[PDB]
Structures are given as structure tokens and as C-alpha cells.
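Enquirer: input.cif is reproduced in full below (mmCIF, C-alpha atoms and all ligand atoms).
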```
data_protein
loop_
_atom_site.label_atom_id
_atom_site.label_comp_id
_atom_site.auth_asym_id
_atom_site.auth_seq_id
_atom_site.Cartn_x
_atom_site.Cartn_y
_atom_site.Cartn_z
CA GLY A 72 56.54 88.29 -159.14
CA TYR A 73 53.06 89.72 -159.62
CA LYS A 74 49.57 89.89 -158.03
CA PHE A 75 50.87 89.10 -154.51
CA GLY A 76 53.55 91.65 -153.54
CA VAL A 77 51.90 95.07 -153.73
CA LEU A 78 49.20 94.17 -151.18
CA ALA A 79 51.77 94.39 -148.37
CA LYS A 80 53.00 97.73 -149.73
CA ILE A 81 49.53 99.28 -149.86
CA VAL A 82 48.45 98.01 -146.43
CA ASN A 83 51.68 99.28 -144.87
CA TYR A 84 51.28 102.63 -146.64
CA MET A 85 47.72 103.16 -145.44
CA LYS A 86 48.59 102.07 -141.89
CA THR A 87 51.49 104.54 -141.79
CA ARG A 88 49.23 107.21 -143.32
CA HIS A 89 46.72 106.68 -140.51
CA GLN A 90 49.58 106.96 -138.01
CA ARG A 91 49.93 110.58 -139.21
CA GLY A 92 46.32 111.35 -138.23
CA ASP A 93 44.69 111.01 -141.68
CA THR A 94 41.31 109.84 -140.43
CA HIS A 95 39.58 110.76 -143.69
CA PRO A 96 39.18 107.89 -146.20
CA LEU A 97 41.28 107.83 -149.35
CA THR A 98 40.50 106.47 -152.80
CA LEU A 99 42.61 103.72 -154.36
CA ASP A 100 44.19 106.07 -156.90
CA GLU A 101 45.24 108.43 -154.08
CA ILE A 102 47.44 105.70 -152.59
CA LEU A 103 48.53 104.48 -156.04
CA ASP A 104 49.87 107.95 -156.92
CA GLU A 105 52.55 108.11 -154.21
CA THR A 106 53.30 104.37 -154.06
CA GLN A 107 54.77 104.28 -157.61
CA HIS A 108 52.19 101.69 -158.71
CA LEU A 109 50.74 103.51 -161.71
CA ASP A 110 51.36 100.41 -163.87
CA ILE A 111 49.13 98.20 -161.70
CA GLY A 112 46.92 95.78 -163.60
CA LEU A 113 43.16 96.07 -163.83
CA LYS A 114 42.65 92.49 -162.66
CA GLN A 115 44.86 93.33 -159.68
CA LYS A 116 42.58 96.32 -159.01
CA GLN A 117 39.36 94.30 -159.05
CA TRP A 118 40.90 91.47 -157.01
CA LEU A 119 41.98 94.05 -154.43
CA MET A 120 38.52 95.64 -154.31
CA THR A 121 36.73 92.30 -154.04
CA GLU A 122 38.97 90.51 -151.51
CA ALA A 123 41.87 92.42 -149.98
CA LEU A 124 40.26 95.55 -148.52
CA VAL A 125 37.08 93.72 -147.42
CA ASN A 126 38.43 90.54 -145.79
CA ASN A 127 41.03 92.12 -143.50
CA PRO A 128 39.80 93.41 -140.11
CA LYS A 129 41.92 96.59 -140.44
CA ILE A 130 40.07 98.34 -143.30
CA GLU A 131 36.73 100.13 -142.86
CA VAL A 132 34.21 100.43 -145.69
CA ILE A 133 32.35 103.76 -145.43
CA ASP A 134 30.60 105.92 -148.08
CA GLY A 135 32.11 103.63 -150.73
CA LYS A 136 35.66 104.61 -149.76
CA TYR A 137 38.23 102.79 -147.63
CA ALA A 138 39.75 103.92 -144.33
CA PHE A 139 41.44 102.67 -141.17
CA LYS A 140 39.64 100.84 -138.35
CA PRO A 141 40.63 102.71 -135.16
CA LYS A 142 37.40 101.71 -133.39
CA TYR A 143 38.26 97.99 -133.40
CA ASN A 144 41.74 98.62 -131.98
CA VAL A 145 42.46 100.13 -128.57
CA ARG A 146 43.26 103.86 -128.37
CA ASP A 147 42.13 104.79 -124.83
CA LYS A 148 41.71 103.29 -121.37
CA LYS A 149 37.92 103.07 -121.67
CA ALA A 150 38.13 100.96 -124.84
CA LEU A 151 40.52 98.57 -123.09
CA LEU A 152 38.21 98.39 -120.07
CA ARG A 153 35.06 97.64 -122.07
CA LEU A 154 36.89 95.15 -124.31
CA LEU A 155 38.20 93.31 -121.24
CA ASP A 156 34.71 93.36 -119.70
CA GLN A 157 33.28 91.86 -122.89
CA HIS A 158 35.99 89.18 -122.87
CA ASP A 159 35.20 88.30 -119.26
CA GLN A 160 31.44 88.22 -119.83
CA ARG A 161 31.54 86.16 -123.04
CA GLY A 162 34.51 84.03 -121.96
CA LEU A 163 36.40 84.73 -125.19
CA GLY A 164 39.69 84.81 -123.26
CA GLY A 165 42.42 87.38 -123.01
CA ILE A 166 44.47 89.30 -125.55
CA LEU A 167 48.22 89.59 -126.10
CA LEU A 168 49.83 92.73 -124.67
CA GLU A 169 51.68 93.37 -127.94
CA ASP A 170 48.43 93.95 -129.84
CA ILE A 171 47.42 96.70 -127.41
CA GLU A 172 50.97 98.09 -127.39
CA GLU A 173 51.03 98.48 -131.17
CA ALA A 174 47.39 99.63 -131.23
CA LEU A 175 47.77 102.09 -128.34
CA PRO A 176 51.00 104.13 -128.20
CA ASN A 177 52.11 104.76 -124.60
CA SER A 178 49.88 101.97 -123.28
CA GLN A 179 51.68 101.90 -119.91
CA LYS A 180 49.62 104.88 -118.72
CA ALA A 181 46.38 102.92 -119.09
CA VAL A 182 47.96 99.90 -117.38
CA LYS A 183 49.12 101.88 -114.35
CA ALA A 184 45.78 103.73 -114.21
CA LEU A 185 43.88 100.43 -114.15
CA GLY A 186 46.23 99.03 -111.51
CA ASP A 187 44.64 95.94 -109.98
CA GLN A 188 41.77 95.84 -112.51
CA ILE A 189 44.16 94.45 -115.15
CA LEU A 190 45.71 91.02 -114.57
CA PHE A 191 48.89 89.76 -116.26
CA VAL A 192 49.80 86.19 -117.19
CA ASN A 193 53.57 85.72 -117.50
CA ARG A 194 54.51 83.34 -120.30
CA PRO A 195 57.97 81.69 -120.44
CA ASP A 196 58.89 83.83 -123.47
CA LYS A 197 58.31 87.16 -121.59
CA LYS A 198 54.94 87.66 -123.32
CA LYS A 199 52.10 88.97 -121.15
CA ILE A 200 48.38 88.28 -121.59
CA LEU A 201 45.79 90.67 -120.14
CA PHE A 202 42.72 89.50 -118.20
CA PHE A 203 39.86 91.34 -116.53
CA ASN A 204 39.64 91.21 -112.73
CA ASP A 205 36.17 89.78 -112.11
CA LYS A 206 35.39 91.19 -108.65
CA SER A 207 32.23 89.11 -108.11
CA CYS A 208 33.84 87.31 -105.15
CA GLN A 209 37.37 87.96 -103.84
CA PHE A 210 39.11 86.06 -101.04
CA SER A 211 42.77 85.75 -100.07
CA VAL A 212 44.83 83.68 -97.64
CA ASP A 213 48.11 84.19 -95.79
CA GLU A 214 51.41 82.95 -97.20
CA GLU A 215 51.80 80.69 -94.16
CA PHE A 216 48.32 79.31 -94.88
CA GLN A 217 49.24 78.66 -98.52
CA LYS A 218 52.43 76.88 -97.43
CA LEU A 219 50.31 74.76 -95.08
CA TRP A 220 47.98 73.80 -97.93
CA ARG A 221 50.93 72.98 -100.20
CA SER A 222 52.50 70.82 -97.46
CA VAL A 223 49.56 68.39 -97.53
CA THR A 224 49.88 65.97 -100.45
CA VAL A 225 46.67 64.82 -102.15
CA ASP A 226 47.58 63.74 -105.72
CA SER A 227 49.31 60.55 -104.49
CA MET A 228 46.42 59.64 -102.18
CA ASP A 229 43.62 57.35 -103.32
CA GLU A 230 39.81 57.23 -102.99
CA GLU A 231 39.59 54.51 -100.33
CA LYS A 232 41.42 56.49 -97.65
CA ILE A 233 39.47 59.68 -98.43
CA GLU A 234 36.18 58.04 -97.39
CA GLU A 235 37.82 56.02 -94.62
CA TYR A 236 38.89 59.32 -93.05
CA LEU A 237 35.33 60.69 -93.00
CA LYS A 238 34.09 57.82 -90.83
CA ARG A 239 37.34 57.81 -88.83
CA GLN A 240 36.77 61.39 -87.65
CA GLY A 241 33.06 60.68 -87.10
CA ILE A 242 31.35 63.44 -89.08
CA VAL B 10 21.93 71.37 -110.91
CA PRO B 11 21.04 73.59 -107.92
CA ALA B 12 22.66 77.02 -107.91
CA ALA B 13 23.90 76.44 -104.34
CA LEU B 14 26.42 73.88 -105.59
CA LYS B 15 27.63 76.30 -108.27
CA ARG B 16 27.98 79.14 -105.76
CA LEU B 17 29.88 76.96 -103.28
CA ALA B 18 32.18 75.69 -106.04
CA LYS B 19 32.85 79.25 -107.22
CA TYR B 20 33.57 80.42 -103.67
CA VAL B 21 36.02 77.58 -102.93
CA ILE B 22 37.77 77.86 -106.31
CA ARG B 23 38.17 81.65 -105.97
CA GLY B 24 39.31 81.54 -102.35
CA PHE B 25 41.62 78.53 -102.28
CA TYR B 26 42.78 78.48 -105.92
CA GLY B 27 43.87 80.96 -108.57
CA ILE B 28 42.10 82.68 -111.43
CA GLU B 29 42.98 79.99 -114.00
CA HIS B 30 41.16 77.31 -111.99
CA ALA B 31 38.22 79.68 -111.50
CA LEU B 32 38.03 80.27 -115.26
CA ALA B 33 38.17 76.52 -115.95
CA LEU B 34 35.41 75.86 -113.41
CA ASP B 35 33.30 78.66 -114.89
CA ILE B 36 33.74 77.12 -118.35
CA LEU B 37 32.65 73.74 -116.97
CA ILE B 38 29.71 75.46 -115.24
CA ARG B 39 28.51 77.08 -118.48
CA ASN B 40 28.57 73.71 -120.29
CA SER B 41 28.13 70.55 -118.21
CA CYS B 42 30.14 68.30 -120.56
CA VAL B 43 33.21 69.81 -122.26
CA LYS B 44 35.81 68.22 -124.52
CA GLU B 45 39.49 68.52 -123.60
CA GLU B 46 40.21 70.61 -126.70
CA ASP B 47 37.24 72.94 -126.12
CA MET B 48 38.75 74.84 -123.16
CA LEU B 49 42.13 74.95 -124.98
CA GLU B 50 41.31 77.77 -127.44
CA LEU B 51 39.07 80.37 -125.76
CA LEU B 52 41.50 81.14 -122.90
CA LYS B 53 44.90 81.65 -124.63
CA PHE B 54 47.18 79.62 -122.36
CA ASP B 55 50.12 77.40 -123.17
CA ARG B 56 49.32 73.70 -123.45
CA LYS B 57 51.72 72.72 -120.66
CA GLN B 58 50.20 75.13 -118.12
CA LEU B 59 46.65 73.93 -118.80
CA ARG B 60 47.83 70.31 -118.64
CA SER B 61 49.44 70.94 -115.24
CA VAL B 62 46.28 72.65 -113.98
CA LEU B 63 44.17 69.71 -115.18
CA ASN B 64 46.62 67.32 -113.50
CA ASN B 65 46.16 69.15 -110.20
CA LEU B 66 42.37 69.18 -110.63
CA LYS B 67 42.35 65.44 -111.33
CA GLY B 68 44.52 65.10 -108.23
CA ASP B 69 41.86 66.77 -106.09
CA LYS B 70 39.10 65.09 -108.17
CA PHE B 71 36.76 68.06 -108.42
CA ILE B 72 35.51 66.80 -111.81
CA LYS B 73 35.44 63.47 -113.65
CA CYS B 74 36.67 62.51 -117.12
CA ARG B 75 35.15 59.76 -119.27
CA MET B 76 37.09 58.08 -122.08
CA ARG B 77 35.54 58.29 -125.54
CA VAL B 78 37.07 57.30 -128.89
CA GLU B 79 35.64 57.68 -132.38
CA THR B 80 36.46 57.93 -136.08
CA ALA B 81 36.92 60.99 -138.30
CA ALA B 82 35.86 61.73 -141.87
CA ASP B 83 39.39 61.18 -143.23
CA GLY B 84 39.52 57.79 -141.47
CA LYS B 85 42.01 58.60 -138.71
CA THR B 86 41.04 57.86 -135.12
CA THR B 87 39.94 60.72 -132.86
CA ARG B 88 40.65 60.62 -129.12
CA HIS B 89 38.56 63.28 -127.35
CA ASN B 90 38.55 63.32 -123.54
CA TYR B 91 35.17 64.42 -122.17
CA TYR B 92 35.23 66.22 -118.81
CA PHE B 93 32.09 66.68 -116.70
CA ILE B 94 31.52 68.24 -113.29
CA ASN B 95 30.67 65.78 -110.50
CA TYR B 96 29.35 67.62 -107.45
CA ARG B 97 28.86 64.39 -105.48
CA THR B 98 32.62 63.83 -105.33
CA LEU B 99 33.29 67.58 -105.10
CA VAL B 100 31.34 67.98 -101.85
CA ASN B 101 32.97 64.83 -100.43
CA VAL B 102 36.52 66.02 -101.16
CA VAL B 103 35.68 69.51 -99.86
CA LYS B 104 34.38 68.02 -96.62
CA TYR B 105 37.47 65.80 -96.41
CA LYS B 106 39.75 68.83 -96.72
CA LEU B 107 37.58 70.69 -94.20
CA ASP B 108 37.84 68.01 -91.52
CA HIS B 109 41.53 67.55 -92.34
CA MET B 110 42.14 71.22 -91.55
CA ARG B 111 39.86 70.96 -88.52
CA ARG B 112 41.93 68.12 -87.05
CA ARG B 113 45.09 69.93 -88.18
CA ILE B 114 44.07 72.70 -85.77
CA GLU B 115 44.15 70.38 -82.75
CA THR B 116 47.30 68.58 -83.92
CA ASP B 117 49.03 71.95 -84.26
CA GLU B 118 47.77 72.93 -80.80
CA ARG B 119 49.26 69.75 -79.32
CA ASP B 120 52.51 70.13 -81.28
CA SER B 121 52.88 73.69 -79.98
CA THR B 122 53.18 72.30 -76.45
CA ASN B 123 55.22 69.32 -77.67
CA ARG B 124 57.96 71.59 -79.05
CA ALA B 125 61.21 71.45 -77.09
CA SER B 126 61.80 74.31 -74.65
CA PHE B 127 65.62 73.98 -74.65
CA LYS B 128 67.76 75.37 -77.48
CA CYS B 129 71.55 75.66 -77.70
CA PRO B 130 72.69 78.50 -80.02
CA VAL B 131 76.16 76.94 -80.39
CA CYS B 132 74.86 73.84 -82.18
CA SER B 133 71.51 75.38 -83.25
CA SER B 134 69.44 72.26 -82.54
CA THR B 135 66.43 71.66 -80.32
CA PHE B 136 67.00 69.66 -77.13
CA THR B 137 64.17 67.67 -75.54
CA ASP B 138 63.12 68.64 -72.02
CA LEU B 139 63.33 65.07 -70.70
CA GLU B 140 67.01 64.62 -71.59
CA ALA B 141 67.93 68.02 -70.10
CA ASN B 142 68.54 66.15 -66.84
CA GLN B 143 71.00 63.91 -68.69
CA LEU B 144 72.80 66.98 -70.04
CA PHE B 145 72.90 68.49 -66.54
CA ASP B 146 76.18 68.04 -64.67
CA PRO B 147 75.66 67.23 -60.94
CA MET B 148 79.17 68.22 -59.85
CA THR B 149 79.09 71.56 -61.72
CA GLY B 150 75.94 72.76 -59.96
CA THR B 151 74.46 74.24 -63.16
CA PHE B 152 72.88 72.81 -66.31
CA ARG B 153 74.74 72.90 -69.64
CA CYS B 154 74.91 70.88 -72.83
CA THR B 155 77.38 68.00 -72.98
CA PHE B 156 78.52 68.87 -76.51
CA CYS B 157 78.91 72.67 -76.42
CA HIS B 158 78.66 73.45 -72.67
CA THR B 159 76.68 76.68 -72.96
CA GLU B 160 73.76 78.28 -71.16
CA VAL B 161 70.33 77.38 -72.53
CA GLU B 162 67.60 79.97 -73.07
CA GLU B 163 63.97 78.83 -72.93
CA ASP B 164 62.43 82.12 -74.13
CA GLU B 165 62.75 81.30 -77.85
CA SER B 166 59.75 78.93 -77.68
CA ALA B 167 57.35 81.53 -76.24
CA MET B 168 56.11 83.35 -79.35
CA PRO B 169 55.08 80.48 -81.76
CA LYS B 170 52.27 79.35 -79.46
CA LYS B 171 50.91 82.90 -79.24
CA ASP B 172 51.21 83.29 -83.02
CA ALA B 173 49.30 80.04 -83.58
CA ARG B 174 46.63 81.09 -81.06
CA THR B 175 46.16 84.39 -82.89
CA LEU B 176 45.83 82.54 -86.21
CA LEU B 177 43.17 80.27 -84.67
CA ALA B 178 40.75 83.19 -84.37
CA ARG B 179 41.31 84.30 -87.97
CA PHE B 180 40.92 80.74 -89.26
CA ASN B 181 37.69 80.24 -87.28
CA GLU B 182 36.34 83.58 -88.51
CA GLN B 183 37.15 83.03 -92.19
CA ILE B 184 35.98 79.39 -92.26
CA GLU B 185 32.36 80.13 -91.27
CA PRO B 186 30.94 81.00 -94.77
CA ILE B 187 31.98 77.57 -96.05
CA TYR B 188 30.00 75.85 -93.29
CA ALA B 189 27.09 78.23 -93.95
CA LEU B 190 27.09 77.25 -97.63
CA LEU B 191 27.42 73.55 -96.75
CA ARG B 192 24.04 73.41 -95.00
CA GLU B 193 22.00 74.44 -98.06
CA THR B 194 23.90 71.95 -100.25
CA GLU B 195 23.06 68.85 -98.18
CA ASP B 196 19.80 68.20 -100.04
ZN ZN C 1 74.22 72.37 -76.23
#
```
Could you render the structure from this file as C-alpha cells?

Expert:
Amino acid sequence: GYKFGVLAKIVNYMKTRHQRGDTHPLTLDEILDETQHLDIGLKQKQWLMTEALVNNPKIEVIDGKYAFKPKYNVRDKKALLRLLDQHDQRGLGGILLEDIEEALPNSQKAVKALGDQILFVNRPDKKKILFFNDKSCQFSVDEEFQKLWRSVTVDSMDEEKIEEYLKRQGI
Amino acid sequence: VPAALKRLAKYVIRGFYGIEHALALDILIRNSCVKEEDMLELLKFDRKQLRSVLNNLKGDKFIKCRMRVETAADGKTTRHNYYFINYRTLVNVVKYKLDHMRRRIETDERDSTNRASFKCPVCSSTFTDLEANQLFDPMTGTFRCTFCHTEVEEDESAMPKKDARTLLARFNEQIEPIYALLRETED
């Protein structure tokens, strides 16, 4: 095994290092020192530099050095709000709750602060997807009204009777 | 595509139907013709839920689907279903539902009076007013059911008529914007 295993180790190490508040970037040798990878090959080094830490969306390239990407992920209520607004405006769709949960520790506070602004979609497998509440036009009906609408069957009713009814009622 | 049709469609989809249908209709508004796999990715729903929603929409016939088949680069057939918004059928079905509810109002008003005014708590079944004479016993001097022989209270049929009458005002108040939007969409 070689050239494919240590990438997971380094990405996990730098993620956990950022979890400790190390916002400052770190050089490759800094991580290599404490990860017991002093015997790492040169071709592994250049392959890492050219592909691994530039293709992933979790590594930021600044002043030549490499750091976390906390801006992309959610860390506050305002970031969640603006991300959801962008999703609603551009129609990109929602986002899984687990991504925000792992990005934002104690994400329930933002959820309960948003309240009705956030919308949840309940999947069969307990997973929840978050949507923005587009308040352009809101209208609601009574439960009795909804039962009345559901009582009337329309899927098993064809297109001849629909236009026969219009002339029957004389509109 | 006049904006009045789009506004009316948005109002009816947001008021009568849920957010998923509103999102689907907004997607179809942004692009007139959309392939069945196009609105499958950018919303992050399960395939079965979207299929059920599309089944309901095809049941109410708000949009129309045209069958198209073609070939792929690798040689396998490709079956893409192309969905496009048809406002001509949309306004017709909306008006059909509108007049259906309108006539439902009068049928409910008639049925409120048609409900039986005699109820026996022992058997818990409505008893028609006309046959109350048949249930009445001439030699007893008082009216009772033949099956259970208990006093009948006619006060249990008083409140549903009042409840329906109160809902008439709310229905008539909330239905006006739809008629207001209908007038500008005639042309
Ligand atoms: Zn009885």
C-alpha cells in the first residue's frame, strides 16, 4: 500500500487541527512532523501539492500556504440564512442537515432562532433537508377545507366531463 | 407568456398546494420546456416523492408532457419525457374547480337542511323525520324509537348549520382574489 493511504490521514489531521482553533495556515512539513510521515516520497509530495490540496473544497490556498475553509461551511446563523437565500434565489435546492450539523457545532440554536424561516423535509430514513421559506406570497386553508379538497377525486376523471361541466353550470 | 398567468399560477399553487409543487411550478416557469431528469437533481428529493407529485400534477393536468425518444452516443436508446406548461388547460381546470366549489356551497347548504333532526343515542344512528311518525306509538301517547325505545333529542343538529354559515363568509372573503386575477387573464 502506497500513494493512496496517507491522504486520508493528512486531511483528517488538518481538519482536527482546525477544530482546535488553529486558523493560521500550516506548511506541509509541519503536518508531516507529527503525523510520523517523515519517510514520505517526493513524488507523493508533488502529487499532493498538484492535486490533493487544490481539488478538494475543504482546503484554502492563501499566501502560498494551505489552511482550512471555514468560510464555505456554516459557522453562524447569518451564514446559514444567506446560503439558504442564495439557494432559493438560484434554485440550487436544499442542503442536508448533517452537513450543517458537522460544520456548525450546536446547530440547534440557529434552527430554533430561525423558527419558521427554516423548512424541514422529512425523508423516510430520518434525514432532514433544509429549505428557505420564500415569503413572497403565503396563504393557508383550514383542515376541514383541506379534507373537503381531498374528498373530491380528480385523477380518475377524464377530459370530456371536465368541459361538459362548464357548459352544464352555464358559466 | 403574460405575467398575469404566471402570477395566478403561483398564487393558486402556493395557496392550495404545498411548497414542493410551488418549487416545481417555479422551475417550469423559469424554463418553458423541461426534461423529466432536469428537475430531479437541483431540488434534492427522493425519486418516489417527485414521481408521486408528478402523478398528482398529471391528475389535475396543470401541465402537459410530450413523448420524445432518441439515440445516445454509445448506441443505447434514450427516453426523455419533456414537460411544458399549458396555461390554456390550466385556466380551464382552475375554473372547473372554482365552479365545482361554488356549486358545492349550495349543495352543502341544501344538505344542511336535509340532515335528519332525530338521533337516538342508544343506537347512535340518524333517524329520518318522515319515519318518526312510524316510530311513534299511538297507544303510548309519546314518541320513541321502535328498536331502543328512548327519548329523542333534536338539539344535536343545531350547530352544524351555524358552523357552515360561518364558514360561508370566510370562503367568500378568501375566494375574491382568485376572481380578481381571473379577469386580467381572460385575454
Ligand atoms: Zn331509537

Enquirer: Go through the chains and note each residue within 6 Å of ligand ZN 1 (chain C), using only C-alpha atoms and all ligand atoms, then give the set as a ChimeraX atom specification.

Expert: /B:129,154,156-159

Enquirer: In Å, with one decimal, what is the gap from atom CA of residue 73 of chain B to atom CA of residue 36 of chain B?

Expert: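 Between atom CA of residue 73 of chain B and atom CA of residue 36 of chain B the gap is 14.5 Å.
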
Enquirer: Could you give me the centre and size, in Å to one decimal, of an axis-aligned box around all listed atoms of segment 46-52 of chain B with 8 Å added on every side, as lines of an AutoDock Vina configuration file?

Expert:
```
center_x = 39.7
center_y = 75.9
center_z = -125.2
size_x = 20.9
size_y = 26.5
size_z = 20.5
```

Enquirer: Could you name the residues that touch segment 52-56 of chain B at 8 Å or less, counting only C-alpha atoms, but leaving out those on the same chain fewer than 4 positions away, as a PyMOL selection string?

Expert: (chain A and resi 162-166+194) or (chain B and resi 48+60)

Enquirer: Specify as a PyMOL selection string all residues of chain A found within 9 Å of chain B, counting only C-alpha atoms.

Expert: chain A and resi 162-167+192+194+200+204+208-212+217+225-228+233-234+236-237+240+242

Enquirer: How many Å lie between atom CA of residue 120 of chain B and atom CA of residue 174 of chain B, rounded to one decimal?

Expert: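 Pair atom CA of residue 120 of chain B / atom CA of residue 174 of chain B returns 12.4 Å.
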